[PDB]
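Containing compact mmCIF, N, CA, C and O atoms: coords03.txt.
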```txt
# COMPACT_ATOMS: atom_id res chain seq x y z
N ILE A 1 -20.67 63.78 -111.99
CA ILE A 1 -20.96 63.01 -113.20
C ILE A 1 -19.95 63.32 -114.31
O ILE A 1 -19.69 62.49 -115.18
N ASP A 2 -19.36 64.51 -114.26
CA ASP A 2 -18.33 64.89 -115.21
C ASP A 2 -17.01 64.19 -114.89
O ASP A 2 -16.28 63.77 -115.78
N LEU A 3 -16.73 64.05 -113.59
CA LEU A 3 -15.52 63.38 -113.14
C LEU A 3 -15.58 61.89 -113.43
O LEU A 3 -14.59 61.29 -113.86
N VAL A 4 -16.75 61.30 -113.19
CA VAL A 4 -16.96 59.88 -113.46
C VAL A 4 -16.81 59.58 -114.94
O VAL A 4 -16.23 58.57 -115.33
N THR A 5 -17.32 60.48 -115.78
CA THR A 5 -17.20 60.35 -117.22
C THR A 5 -15.75 60.51 -117.66
O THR A 5 -15.28 59.81 -118.57
N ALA A 6 -15.04 61.42 -117.01
CA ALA A 6 -13.64 61.69 -117.33
C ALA A 6 -12.77 60.45 -117.17
O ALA A 6 -11.86 60.20 -117.97
N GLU A 7 -13.04 59.68 -116.12
CA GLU A 7 -12.29 58.46 -115.84
C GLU A 7 -12.63 57.32 -116.81
O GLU A 7 -11.74 56.73 -117.42
N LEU A 8 -13.92 57.04 -116.94
CA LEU A 8 -14.39 55.87 -117.69
C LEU A 8 -14.45 56.06 -119.21
O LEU A 8 -14.25 55.10 -119.96
N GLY A 9 -14.72 57.28 -119.65
CA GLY A 9 -14.84 57.56 -121.07
C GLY A 9 -16.27 57.76 -121.54
O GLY A 9 -17.20 57.71 -120.74
N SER A 10 -16.44 58.01 -122.84
CA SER A 10 -17.75 58.31 -123.41
C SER A 10 -18.60 57.08 -123.71
O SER A 10 -19.81 57.08 -123.46
N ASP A 11 -17.98 56.03 -124.25
CA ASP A 11 -18.71 54.86 -124.72
C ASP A 11 -19.22 53.96 -123.60
O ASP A 11 -20.30 53.37 -123.71
N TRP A 12 -18.44 53.85 -122.53
CA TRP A 12 -18.78 52.98 -121.41
C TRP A 12 -20.14 53.26 -120.74
O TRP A 12 -20.90 52.33 -120.48
N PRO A 13 -20.44 54.54 -120.44
CA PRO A 13 -21.76 54.81 -119.85
C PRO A 13 -22.92 54.57 -120.83
O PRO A 13 -23.99 54.14 -120.41
N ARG A 14 -22.70 54.87 -122.11
CA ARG A 14 -23.76 54.75 -123.10
C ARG A 14 -24.08 53.30 -123.46
O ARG A 14 -25.24 52.96 -123.70
N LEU A 15 -23.06 52.46 -123.48
CA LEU A 15 -23.24 51.05 -123.83
C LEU A 15 -23.75 50.22 -122.64
O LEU A 15 -24.26 49.12 -122.83
N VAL A 16 -23.59 50.75 -121.44
CA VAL A 16 -23.97 50.02 -120.23
C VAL A 16 -25.45 50.23 -119.89
O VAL A 16 -25.96 49.68 -118.91
N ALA A 17 -26.14 51.01 -120.72
CA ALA A 17 -27.56 51.26 -120.55
C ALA A 17 -28.37 49.96 -120.58
O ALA A 17 -28.04 49.05 -121.35
N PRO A 18 -29.42 49.87 -119.75
CA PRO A 18 -30.22 48.65 -119.66
C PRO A 18 -30.96 48.33 -120.95
O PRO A 18 -31.33 49.24 -121.70
N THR A 19 -31.17 47.04 -121.20
CA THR A 19 -31.85 46.58 -122.40
C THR A 19 -33.00 45.64 -122.06
O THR A 19 -34.16 45.91 -122.37
N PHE A 20 -32.66 44.52 -121.42
CA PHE A 20 -33.63 43.48 -121.08
C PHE A 20 -34.82 43.97 -120.26
O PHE A 20 -34.66 44.73 -119.30
N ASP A 21 -36.00 43.52 -120.65
CA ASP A 21 -37.21 43.68 -119.85
C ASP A 21 -38.04 42.41 -119.97
O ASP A 21 -38.04 41.75 -121.01
N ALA A 22 -38.76 42.06 -118.91
CA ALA A 22 -39.42 40.75 -118.82
C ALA A 22 -40.61 40.57 -119.77
O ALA A 22 -41.12 39.45 -119.91
N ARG A 23 -41.06 41.65 -120.39
CA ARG A 23 -42.27 41.65 -121.23
C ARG A 23 -42.06 41.43 -122.73
O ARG A 23 -43.02 41.25 -123.48
N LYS A 24 -40.80 41.46 -123.18
CA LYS A 24 -40.51 41.32 -124.60
C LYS A 24 -40.18 39.89 -125.03
O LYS A 24 -39.88 39.64 -126.20
N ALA A 25 -40.23 38.94 -124.09
CA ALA A 25 -39.87 37.55 -124.39
C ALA A 25 -40.82 36.86 -125.37
O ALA A 25 -42.03 37.11 -125.36
N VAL A 26 -40.27 35.98 -126.20
CA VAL A 26 -41.06 35.18 -127.14
C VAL A 26 -40.72 33.69 -127.11
O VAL A 26 -39.56 33.29 -127.22
N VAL A 27 -41.77 32.88 -126.94
CA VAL A 27 -41.64 31.45 -126.74
C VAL A 27 -42.24 30.71 -127.92
O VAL A 27 -43.38 30.97 -128.31
N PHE A 28 -41.45 29.83 -128.52
CA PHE A 28 -41.98 28.93 -129.52
C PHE A 28 -41.88 27.50 -129.00
O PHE A 28 -40.82 26.88 -129.06
N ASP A 29 -43.01 26.99 -128.51
CA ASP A 29 -43.15 25.58 -128.16
C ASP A 29 -43.91 24.77 -129.21
O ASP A 29 -44.12 23.57 -129.02
N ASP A 30 -44.34 25.38 -130.30
CA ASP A 30 -45.09 24.57 -131.26
C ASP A 30 -44.21 23.97 -132.36
O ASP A 30 -43.68 24.68 -133.21
N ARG A 31 -44.04 22.65 -132.28
CA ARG A 31 -43.66 21.81 -133.41
C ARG A 31 -44.87 21.37 -134.24
O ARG A 31 -44.80 21.32 -135.47
N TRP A 32 -45.96 21.03 -133.55
CA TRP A 32 -47.16 20.45 -134.17
C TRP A 32 -47.69 21.30 -135.32
O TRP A 32 -48.15 20.78 -136.33
N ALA A 33 -47.61 22.61 -135.14
CA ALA A 33 -48.08 23.55 -136.15
C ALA A 33 -47.07 23.69 -137.28
O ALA A 33 -47.43 23.72 -138.45
N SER A 34 -45.79 23.78 -136.92
CA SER A 34 -44.73 24.01 -137.90
C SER A 34 -44.37 22.77 -138.71
O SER A 34 -43.86 22.88 -139.83
N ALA A 35 -44.64 21.60 -138.15
CA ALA A 35 -44.35 20.34 -138.84
C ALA A 35 -45.36 20.07 -139.95
O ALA A 35 -45.01 19.52 -140.99
N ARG A 36 -46.61 20.47 -139.72
CA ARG A 36 -47.67 20.27 -140.71
C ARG A 36 -47.45 21.12 -141.95
O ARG A 36 -47.59 20.64 -143.08
N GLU A 37 -47.09 22.39 -141.74
CA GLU A 37 -46.82 23.30 -142.84
C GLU A 37 -45.54 22.90 -143.57
O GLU A 37 -45.37 23.17 -144.75
N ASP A 38 -44.64 22.25 -142.83
CA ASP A 38 -43.36 21.82 -143.38
C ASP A 38 -43.52 20.66 -144.35
O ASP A 38 -42.82 20.58 -145.36
N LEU A 39 -44.45 19.76 -144.04
CA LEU A 39 -44.68 18.57 -144.86
C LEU A 39 -45.38 18.91 -146.18
O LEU A 39 -44.96 18.45 -147.24
N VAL A 40 -46.44 19.71 -146.10
CA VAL A 40 -47.22 20.07 -147.28
C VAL A 40 -46.38 20.87 -148.28
O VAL A 40 -46.63 20.82 -149.49
N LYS A 41 -45.37 21.58 -147.77
CA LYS A 41 -44.46 22.34 -148.63
C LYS A 41 -43.53 21.39 -149.37
O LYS A 41 -43.14 21.65 -150.51
N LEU A 42 -43.17 20.29 -148.72
CA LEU A 42 -42.35 19.26 -149.34
C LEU A 42 -43.19 18.54 -150.40
O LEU A 42 -42.77 18.42 -151.55
N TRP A 43 -44.37 18.10 -149.99
CA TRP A 43 -45.27 17.32 -150.84
C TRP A 43 -45.60 18.01 -152.17
O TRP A 43 -45.63 17.37 -153.22
N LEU A 44 -45.84 19.31 -152.11
CA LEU A 44 -46.18 20.08 -153.30
C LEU A 44 -44.96 20.36 -154.18
O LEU A 44 -45.05 20.31 -155.41
N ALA A 45 -43.83 20.65 -153.55
CA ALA A 45 -42.63 21.07 -154.26
C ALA A 45 -41.70 19.93 -154.65
O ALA A 45 -40.61 20.17 -155.16
N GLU A 46 -42.13 18.69 -154.40
CA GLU A 46 -41.29 17.52 -154.67
C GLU A 46 -40.83 17.46 -156.12
O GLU A 46 -41.63 17.47 -157.05
N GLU A 47 -39.51 17.38 -156.30
CA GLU A 47 -38.91 17.29 -157.63
C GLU A 47 -37.90 16.14 -157.66
O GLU A 47 -38.06 15.18 -158.41
N UNK A 48 -36.85 16.27 -156.85
CA UNK A 48 -35.80 15.26 -156.75
C UNK A 48 -36.36 13.89 -156.39
O UNK A 48 -37.34 13.78 -155.64
N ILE B 1 -26.57 59.71 -113.26
CA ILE B 1 -25.55 59.48 -112.24
C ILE B 1 -25.97 58.37 -111.28
O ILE B 1 -25.13 57.70 -110.69
N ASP B 2 -27.28 58.17 -111.15
CA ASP B 2 -27.80 57.09 -110.32
C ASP B 2 -27.62 55.75 -111.02
O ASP B 2 -27.32 54.74 -110.39
N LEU B 3 -27.81 55.74 -112.34
CA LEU B 3 -27.65 54.54 -113.14
C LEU B 3 -26.19 54.11 -113.20
O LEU B 3 -25.87 52.92 -113.09
N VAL B 4 -25.30 55.09 -113.37
CA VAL B 4 -23.87 54.83 -113.41
C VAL B 4 -23.39 54.26 -112.08
O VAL B 4 -22.56 53.34 -112.04
N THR B 5 -23.92 54.79 -110.98
CA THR B 5 -23.59 54.31 -109.65
C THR B 5 -24.13 52.89 -109.44
O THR B 5 -23.48 52.06 -108.81
N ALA B 6 -25.32 52.64 -109.97
CA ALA B 6 -25.96 51.33 -109.84
C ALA B 6 -25.11 50.22 -110.44
O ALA B 6 -25.03 49.12 -109.88
N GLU B 7 -24.48 50.50 -111.57
CA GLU B 7 -23.64 49.53 -112.25
C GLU B 7 -22.31 49.31 -111.53
O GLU B 7 -21.93 48.17 -111.24
N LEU B 8 -21.60 50.40 -111.25
CA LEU B 8 -20.24 50.33 -110.73
C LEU B 8 -20.14 50.09 -109.22
O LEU B 8 -19.18 49.46 -108.76
N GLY B 9 -21.11 50.58 -108.46
CA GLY B 9 -21.09 50.43 -107.02
C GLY B 9 -20.74 51.71 -106.28
O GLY B 9 -20.53 52.75 -106.90
N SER B 10 -20.69 51.63 -104.95
CA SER B 10 -20.46 52.80 -104.11
C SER B 10 -18.98 53.19 -103.96
O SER B 10 -18.64 54.37 -104.00
N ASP B 11 -18.12 52.19 -103.80
CA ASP B 11 -16.71 52.44 -103.50
C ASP B 11 -15.90 52.92 -104.69
O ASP B 11 -14.99 53.74 -104.54
N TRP B 12 -16.23 52.41 -105.87
CA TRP B 12 -15.50 52.75 -107.10
C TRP B 12 -15.45 54.25 -107.44
O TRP B 12 -14.38 54.76 -107.77
N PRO B 13 -16.59 54.96 -107.37
CA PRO B 13 -16.52 56.40 -107.65
C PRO B 13 -15.76 57.19 -106.57
O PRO B 13 -15.08 58.16 -106.89
N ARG B 14 -15.89 56.77 -105.32
CA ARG B 14 -15.27 57.49 -104.21
C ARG B 14 -13.76 57.31 -104.16
O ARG B 14 -13.02 58.23 -103.80
N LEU B 15 -13.29 56.11 -104.50
CA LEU B 15 -11.86 55.81 -104.47
C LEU B 15 -11.13 56.32 -105.71
O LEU B 15 -9.90 56.46 -105.71
N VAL B 16 -11.88 56.61 -106.77
CA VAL B 16 -11.29 57.04 -108.03
C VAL B 16 -11.06 58.56 -108.06
O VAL B 16 -10.55 59.11 -109.03
N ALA B 17 -11.43 59.22 -106.96
CA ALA B 17 -11.24 60.66 -106.83
C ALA B 17 -9.76 61.04 -106.96
O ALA B 17 -8.89 60.31 -106.50
N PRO B 18 -9.48 62.19 -107.60
CA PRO B 18 -8.10 62.62 -107.84
C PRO B 18 -7.35 62.92 -106.54
O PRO B 18 -7.94 63.34 -105.55
N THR B 19 -6.04 62.70 -106.57
CA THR B 19 -5.18 62.92 -105.41
C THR B 19 -3.99 63.81 -105.77
O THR B 19 -3.82 64.89 -105.20
N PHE B 20 -3.17 63.33 -106.69
CA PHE B 20 -1.95 64.03 -107.10
C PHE B 20 -2.17 65.46 -107.57
O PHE B 20 -3.08 65.75 -108.34
N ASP B 21 -1.30 66.35 -107.10
CA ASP B 21 -1.20 67.71 -107.61
C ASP B 21 0.27 68.10 -107.66
O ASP B 21 1.06 67.67 -106.82
N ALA B 22 0.65 68.92 -108.64
CA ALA B 22 2.06 69.19 -108.91
C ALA B 22 2.78 70.03 -107.84
O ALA B 22 4.00 70.16 -107.88
N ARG B 23 2.02 70.61 -106.92
CA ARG B 23 2.55 71.54 -105.92
C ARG B 23 2.94 70.92 -104.56
O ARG B 23 3.55 71.59 -103.72
N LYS B 24 2.59 69.66 -104.34
CA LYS B 24 2.87 69.01 -103.06
C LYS B 24 4.17 68.21 -103.05
O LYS B 24 4.50 67.59 -102.03
N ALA B 25 4.91 68.21 -104.15
CA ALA B 25 6.14 67.43 -104.26
C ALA B 25 7.26 67.89 -103.32
O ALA B 25 7.41 69.08 -103.06
N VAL B 26 8.04 66.93 -102.82
CA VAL B 26 9.20 67.23 -101.97
C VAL B 26 10.47 66.51 -102.41
O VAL B 26 10.49 65.29 -102.59
N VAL B 27 11.53 67.30 -102.58
CA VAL B 27 12.79 66.83 -103.13
C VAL B 27 13.87 66.90 -102.07
O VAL B 27 14.07 67.95 -101.44
N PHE B 28 14.55 65.78 -101.83
CA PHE B 28 15.73 65.79 -100.99
C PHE B 28 16.94 65.43 -101.84
O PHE B 28 17.18 64.25 -102.11
N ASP B 29 17.69 66.45 -102.24
CA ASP B 29 18.98 66.27 -102.88
C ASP B 29 20.17 66.51 -101.94
O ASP B 29 21.32 66.42 -102.36
N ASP B 30 19.92 66.83 -100.67
CA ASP B 30 21.08 67.07 -99.82
C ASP B 30 21.54 65.83 -99.06
O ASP B 30 20.85 65.33 -98.17
N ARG B 31 22.70 65.32 -99.47
CA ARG B 31 23.56 64.47 -98.65
C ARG B 31 24.50 65.28 -97.75
O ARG B 31 24.73 64.92 -96.60
N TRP B 32 25.05 66.37 -98.30
CA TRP B 32 26.07 67.18 -97.64
C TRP B 32 25.65 67.64 -96.26
O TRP B 32 26.45 67.69 -95.32
N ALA B 33 24.37 67.98 -96.13
CA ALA B 33 23.82 68.44 -94.87
C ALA B 33 23.55 67.27 -93.93
O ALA B 33 23.85 67.34 -92.74
N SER B 34 23.01 66.19 -94.47
CA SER B 34 22.61 65.04 -93.66
C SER B 34 23.79 64.17 -93.23
O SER B 34 23.72 63.46 -92.22
N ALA B 35 24.88 64.22 -93.99
CA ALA B 35 26.07 63.44 -93.68
C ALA B 35 26.83 64.05 -92.50
O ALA B 35 27.42 63.33 -91.69
N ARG B 36 26.83 65.38 -92.41
CA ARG B 36 27.52 66.08 -91.34
C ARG B 36 26.87 65.82 -89.99
O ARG B 36 27.55 65.56 -89.00
N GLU B 37 25.54 65.89 -89.95
CA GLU B 37 24.79 65.63 -88.73
C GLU B 37 24.88 64.16 -88.35
O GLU B 37 24.77 63.80 -87.18
N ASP B 38 25.07 63.31 -89.36
CA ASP B 38 25.15 61.87 -89.15
C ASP B 38 26.45 61.47 -88.47
O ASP B 38 26.47 60.56 -87.63
N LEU B 39 27.54 62.16 -88.82
CA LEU B 39 28.85 61.85 -88.27
C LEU B 39 28.99 62.29 -86.81
O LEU B 39 29.47 61.52 -85.97
N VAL B 40 28.57 63.51 -86.52
CA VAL B 40 28.68 64.07 -85.17
C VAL B 40 27.84 63.27 -84.17
O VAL B 40 28.17 63.21 -82.98
N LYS B 41 26.77 62.65 -84.66
CA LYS B 41 25.92 61.82 -83.82
C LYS B 41 26.63 60.51 -83.49
O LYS B 41 26.45 59.95 -82.41
N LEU B 42 27.43 60.02 -84.43
CA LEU B 42 28.23 58.83 -84.21
C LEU B 42 29.34 59.16 -83.23
O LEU B 42 29.53 58.47 -82.23
N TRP B 43 30.07 60.23 -83.52
CA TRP B 43 31.23 60.65 -82.74
C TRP B 43 30.92 60.84 -81.25
O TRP B 43 31.70 60.45 -80.39
N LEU B 44 29.77 61.44 -80.96
CA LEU B 44 29.37 61.70 -79.58
C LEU B 44 28.87 60.43 -78.88
O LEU B 44 29.15 60.21 -77.70
N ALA B 45 28.13 59.61 -79.61
CA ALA B 45 27.47 58.44 -79.03
C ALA B 45 28.30 57.17 -79.09
O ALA B 45 27.81 56.09 -78.73
N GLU B 46 29.55 57.28 -79.54
CA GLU B 46 30.41 56.11 -79.70
C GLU B 46 30.58 55.32 -78.40
O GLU B 46 30.98 55.86 -77.37
N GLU B 47 30.25 54.03 -78.47
CA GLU B 47 30.38 53.13 -77.33
C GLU B 47 31.13 51.87 -77.74
O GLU B 47 32.20 51.58 -77.22
N UNK B 48 30.53 51.12 -78.67
CA UNK B 48 31.12 49.88 -79.17
C UNK B 48 32.51 50.11 -79.75
O UNK B 48 32.80 51.16 -80.32
```

How does this structure look as structure tokens?
Amino acid sequence: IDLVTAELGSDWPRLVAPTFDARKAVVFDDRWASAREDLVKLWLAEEX
Amino acid sequence: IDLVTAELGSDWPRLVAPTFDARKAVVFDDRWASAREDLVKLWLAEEX
């Protein structure tokens, strides 16, 4: 492991560490909810 | 070391092993010796 590090360097092994996992995903399929709140904000704040 | 191997593969660490060492070098600076043996071989074997 010392020899492998000697060739590749310090940053390469540390940055190659895994990140992605299947449980942290977030899905936004709602327009219906966000469109309603979007309109009432326009309606109340109307100036121009 | 298992994670590092997982990324890079099996062949990469094994082929990257060191080879060169300063003590195995071989120097041929002699023409004077090799030219003499070269001529006598011609002289004896002359046909054409």

Superimpose chain B on chain A so that the squared distances between all in-order C-alpha pairs are minimised, and send the result as a compact mmCIF listing (two decimals) with N, CA, C and O atoms, keeping the file's coordinate frame.
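Done, and the output landed in selection-v1.txt:
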```
# COMPACT_ATOMS: atom_id res chain seq x y z
N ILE B 1 -20.67 63.78 -112.00
CA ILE B 1 -20.95 63.01 -113.20
C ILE B 1 -19.95 63.32 -114.31
O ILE B 1 -19.69 62.48 -115.17
N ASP B 2 -19.36 64.51 -114.26
CA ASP B 2 -18.33 64.89 -115.21
C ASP B 2 -17.02 64.19 -114.89
O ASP B 2 -16.28 63.77 -115.78
N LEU B 3 -16.73 64.05 -113.59
CA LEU B 3 -15.52 63.38 -113.14
C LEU B 3 -15.58 61.89 -113.43
O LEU B 3 -14.59 61.29 -113.87
N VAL B 4 -16.75 61.29 -113.19
CA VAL B 4 -16.96 59.88 -113.45
C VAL B 4 -16.81 59.58 -114.94
O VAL B 4 -16.22 58.56 -115.34
N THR B 5 -17.32 60.48 -115.78
CA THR B 5 -17.21 60.35 -117.22
C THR B 5 -15.74 60.51 -117.66
O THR B 5 -15.29 59.82 -118.57
N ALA B 6 -15.04 61.42 -117.01
CA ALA B 6 -13.64 61.69 -117.33
C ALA B 6 -12.77 60.45 -117.16
O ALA B 6 -11.87 60.20 -117.97
N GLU B 7 -13.04 59.67 -116.12
CA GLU B 7 -12.29 58.46 -115.84
C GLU B 7 -12.64 57.33 -116.81
O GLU B 7 -11.75 56.73 -117.42
N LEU B 8 -13.93 57.04 -116.94
CA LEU B 8 -14.39 55.87 -117.69
C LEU B 8 -14.45 56.06 -119.21
O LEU B 8 -14.25 55.10 -119.96
N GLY B 9 -14.73 57.28 -119.65
CA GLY B 9 -14.84 57.56 -121.07
C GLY B 9 -16.27 57.76 -121.54
O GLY B 9 -17.20 57.71 -120.74
N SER B 10 -16.44 58.00 -122.84
CA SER B 10 -17.74 58.31 -123.41
C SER B 10 -18.61 57.07 -123.72
O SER B 10 -19.81 57.07 -123.46
N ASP B 11 -17.98 56.03 -124.25
CA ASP B 11 -18.72 54.86 -124.72
C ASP B 11 -19.22 53.96 -123.60
O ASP B 11 -20.30 53.37 -123.71
N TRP B 12 -18.44 53.85 -122.54
CA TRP B 12 -18.78 52.97 -121.41
C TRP B 12 -20.13 53.27 -120.74
O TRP B 12 -20.90 52.33 -120.49
N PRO B 13 -20.44 54.54 -120.45
CA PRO B 13 -21.76 54.81 -119.85
C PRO B 13 -22.92 54.57 -120.83
O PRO B 13 -23.99 54.13 -120.41
N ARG B 14 -22.70 54.87 -122.10
CA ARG B 14 -23.76 54.75 -123.10
C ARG B 14 -24.09 53.31 -123.45
O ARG B 14 -25.24 52.96 -123.71
N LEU B 15 -23.06 52.46 -123.49
CA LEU B 15 -23.24 51.05 -123.83
C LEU B 15 -23.74 50.22 -122.65
O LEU B 15 -24.27 49.11 -122.82
N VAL B 16 -23.59 50.75 -121.44
CA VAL B 16 -23.97 50.03 -120.23
C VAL B 16 -25.45 50.23 -119.89
O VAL B 16 -25.96 49.68 -118.92
N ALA B 17 -26.14 51.01 -120.72
CA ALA B 17 -27.56 51.27 -120.54
C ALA B 17 -28.37 49.96 -120.58
O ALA B 17 -28.04 49.06 -121.34
N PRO B 18 -29.42 49.87 -119.75
CA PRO B 18 -30.22 48.65 -119.65
C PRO B 18 -30.96 48.34 -120.95
O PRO B 18 -31.33 49.23 -121.70
N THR B 19 -31.17 47.05 -121.20
CA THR B 19 -31.85 46.58 -122.41
C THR B 19 -33.00 45.63 -122.06
O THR B 19 -34.16 45.91 -122.38
N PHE B 20 -32.66 44.52 -121.43
CA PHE B 20 -33.63 43.48 -121.08
C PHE B 20 -34.81 43.97 -120.26
O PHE B 20 -34.66 44.72 -119.30
N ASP B 21 -36.00 43.52 -120.65
CA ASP B 21 -37.21 43.69 -119.86
C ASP B 21 -38.04 42.41 -119.97
O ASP B 21 -38.04 41.75 -121.01
N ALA B 22 -38.76 42.06 -118.91
CA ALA B 22 -39.42 40.76 -118.82
C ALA B 22 -40.61 40.57 -119.77
O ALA B 22 -41.12 39.46 -119.91
N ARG B 23 -41.07 41.65 -120.39
CA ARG B 23 -42.27 41.65 -121.22
C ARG B 23 -42.05 41.43 -122.73
O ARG B 23 -43.01 41.25 -123.49
N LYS B 24 -40.80 41.46 -123.18
CA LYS B 24 -40.50 41.32 -124.60
C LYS B 24 -40.18 39.89 -125.02
O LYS B 24 -39.88 39.64 -126.20
N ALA B 25 -40.23 38.94 -124.09
CA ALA B 25 -39.88 37.55 -124.38
C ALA B 25 -40.82 36.85 -125.36
O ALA B 25 -42.02 37.11 -125.36
N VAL B 26 -40.26 35.98 -126.20
CA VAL B 26 -41.06 35.18 -127.14
C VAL B 26 -40.72 33.69 -127.10
O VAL B 26 -39.56 33.29 -127.22
N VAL B 27 -41.77 32.88 -126.94
CA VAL B 27 -41.64 31.45 -126.74
C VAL B 27 -42.23 30.71 -127.92
O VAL B 27 -43.38 30.96 -128.31
N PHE B 28 -41.45 29.82 -128.53
CA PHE B 28 -41.98 28.92 -129.53
C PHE B 28 -41.89 27.50 -129.00
O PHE B 28 -40.82 26.88 -129.06
N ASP B 29 -43.01 26.99 -128.51
CA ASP B 29 -43.14 25.59 -128.16
C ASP B 29 -43.91 24.76 -129.21
O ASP B 29 -44.12 23.57 -129.02
N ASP B 30 -44.34 25.38 -130.31
CA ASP B 30 -45.08 24.57 -131.26
C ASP B 30 -44.21 23.97 -132.36
O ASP B 30 -43.67 24.68 -133.21
N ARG B 31 -44.03 22.65 -132.28
CA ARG B 31 -43.66 21.81 -133.41
C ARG B 31 -44.87 21.37 -134.24
O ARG B 31 -44.80 21.32 -135.47
N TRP B 32 -45.96 21.03 -133.56
CA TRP B 32 -47.16 20.46 -134.17
C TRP B 32 -47.69 21.30 -135.31
O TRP B 32 -48.15 20.79 -136.34
N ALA B 33 -47.62 22.62 -135.14
CA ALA B 33 -48.08 23.55 -136.15
C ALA B 33 -47.07 23.70 -137.27
O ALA B 33 -47.43 23.71 -138.45
N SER B 34 -45.79 23.77 -136.92
CA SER B 34 -44.73 24.02 -137.89
C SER B 34 -44.37 22.77 -138.71
O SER B 34 -43.86 22.88 -139.83
N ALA B 35 -44.64 21.60 -138.15
CA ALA B 35 -44.35 20.34 -138.84
C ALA B 35 -45.36 20.08 -139.95
O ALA B 35 -45.02 19.52 -141.00
N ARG B 36 -46.61 20.47 -139.73
CA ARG B 36 -47.67 20.27 -140.71
C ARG B 36 -47.45 21.12 -141.95
O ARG B 36 -47.59 20.64 -143.07
N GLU B 37 -47.10 22.39 -141.74
CA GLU B 37 -46.82 23.30 -142.85
C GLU B 37 -45.54 22.90 -143.57
O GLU B 37 -45.37 23.17 -144.75
N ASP B 38 -44.64 22.25 -142.83
CA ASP B 38 -43.36 21.82 -143.38
C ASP B 38 -43.52 20.66 -144.35
O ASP B 38 -42.82 20.58 -145.37
N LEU B 39 -44.45 19.75 -144.04
CA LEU B 39 -44.68 18.57 -144.86
C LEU B 39 -45.38 18.91 -146.18
O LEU B 39 -44.96 18.44 -147.24
N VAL B 40 -46.43 19.70 -146.10
CA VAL B 40 -47.22 20.07 -147.28
C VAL B 40 -46.38 20.87 -148.28
O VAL B 40 -46.63 20.82 -149.49
N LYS B 41 -45.37 21.58 -147.77
CA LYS B 41 -44.47 22.33 -148.63
C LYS B 41 -43.53 21.39 -149.37
O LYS B 41 -43.14 21.65 -150.50
N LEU B 42 -43.17 20.29 -148.72
CA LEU B 42 -42.36 19.26 -149.35
C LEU B 42 -43.19 18.55 -150.40
O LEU B 42 -42.77 18.41 -151.55
N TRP B 43 -44.37 18.10 -149.99
CA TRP B 43 -45.26 17.31 -150.84
C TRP B 43 -45.60 18.00 -152.17
O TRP B 43 -45.63 17.37 -153.22
N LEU B 44 -45.84 19.31 -152.11
CA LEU B 44 -46.18 20.08 -153.30
C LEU B 44 -44.96 20.35 -154.18
O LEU B 44 -45.05 20.31 -155.41
N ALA B 45 -43.83 20.64 -153.55
CA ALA B 45 -42.63 21.07 -154.27
C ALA B 45 -41.70 19.93 -154.65
O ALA B 45 -40.60 20.17 -155.16
N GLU B 46 -42.13 18.69 -154.40
CA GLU B 46 -41.29 17.53 -154.67
C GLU B 46 -40.83 17.45 -156.13
O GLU B 46 -41.64 17.47 -157.06
N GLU B 47 -39.51 17.39 -156.31
CA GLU B 47 -38.91 17.28 -157.63
C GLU B 47 -37.90 16.14 -157.66
O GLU B 47 -38.06 15.18 -158.41
N UNK B 48 -36.85 16.27 -156.84
CA UNK B 48 -35.80 15.26 -156.75
C UNK B 48 -36.36 13.89 -156.38
O UNK B 48 -37.34 13.78 -155.64
```

| request: Identify, on the basis of all atoms listed in the file, every residue whose closest approach to residue 3 of chain B does not exceed 8 Å; exclude the query and any residue fewer than 5 positions from it along the same chain; express the result as a VMD selection string. | output: (chain A and resid 13 16 to 17) or (chain B and resid 8 to 9)

| task | Report as a list in words: the residues of chain B with a DSSP assignment of helix (DSSP H, G or I), based on the backbone of this structure. | result |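 The helix (DSSP H, G or I) subset of chain B is residues 2, 3, 4, 5, 6, 7, 8, 11, 12, 13, 14, 15, 32, 33, 34, 35, 36, 37, 38, 39, 40, 41, 42, 43, 44 and 45 of chain B.
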
| said: Rounded to one decimal, what separation in Å do you get between atom CA of residue 12 of chain B and atom C of residue 25 of chain B? | reply: 27.6 Å

| note | atom O of residue 48 of chain A sits from atom CA of residue 34 of chain A at a separation of 21.8 Å

| In Å, with one decimal, what is the gap from atom CA of residue 1 of chain B to atom CA of residue 7 of chain A? |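 A separation of 13.8 Å between them.
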
Give me segment 8-15 of chain B from this structure - N, CA and C atoms, as a PDB file, in the first residue's frame.
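Result file decode.pdb:
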```pdb
ATOM      1  N   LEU B   8      -8.477   0.501  -9.550  1.00  0.00           N
ATOM      2  CA  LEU B   8      -7.440   0.403 -10.575  1.00  0.00           C
ATOM      3  C   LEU B   8      -7.385  -0.935 -11.319  1.00  0.00           C
ATOM      4  N   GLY B   9      -7.736  -2.019 -10.635  1.00  0.00           N
ATOM      5  CA  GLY B   9      -7.690  -3.342 -11.234  1.00  0.00           C
ATOM      6  C   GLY B   9      -6.532  -4.190 -10.741  1.00  0.00           C
ATOM      7  N   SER B  10      -6.430  -5.408 -11.267  1.00  0.00           N
ATOM      8  CA  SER B  10      -5.421  -6.369 -10.823  1.00  0.00           C
ATOM      9  C   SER B  10      -4.040  -6.168 -11.455  1.00  0.00           C
ATOM     10  N   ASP B  11      -4.016  -5.881 -12.754  1.00  0.00           N
ATOM     11  CA  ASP B  11      -2.763  -5.823 -13.508  1.00  0.00           C
ATOM     12  C   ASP B  11      -1.940  -4.568 -13.229  1.00  0.00           C
ATOM     13  N   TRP B  12      -2.623  -3.449 -13.021  1.00  0.00           N
ATOM     14  CA  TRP B  12      -1.959  -2.165 -12.796  1.00  0.00           C
ATOM     15  C   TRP B  12      -0.980  -2.126 -11.608  1.00  0.00           C
ATOM     16  N   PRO B  13      -1.382  -2.648 -10.432  1.00  0.00           N
ATOM     17  CA  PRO B  13      -0.420  -2.654  -9.324  1.00  0.00           C
ATOM     18  C   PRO B  13       0.753  -3.610  -9.548  1.00  0.00           C
ATOM     19  N   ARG B  14       0.498  -4.743 -10.196  1.00  0.00           N
ATOM     20  CA  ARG B  14       1.533  -5.754 -10.398  1.00  0.00           C
ATOM     21  C   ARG B  14       2.568  -5.344 -11.443  1.00  0.00           C
ATOM     22  N   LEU B  15       2.117  -4.650 -12.483  1.00  0.00           N
ATOM     23  CA  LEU B  15       3.008  -4.221 -13.557  1.00  0.00           C
ATOM     24  C   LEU B  15       3.783  -2.953 -13.202  1.00  0.00           C
TER      25      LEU B  15
END
```
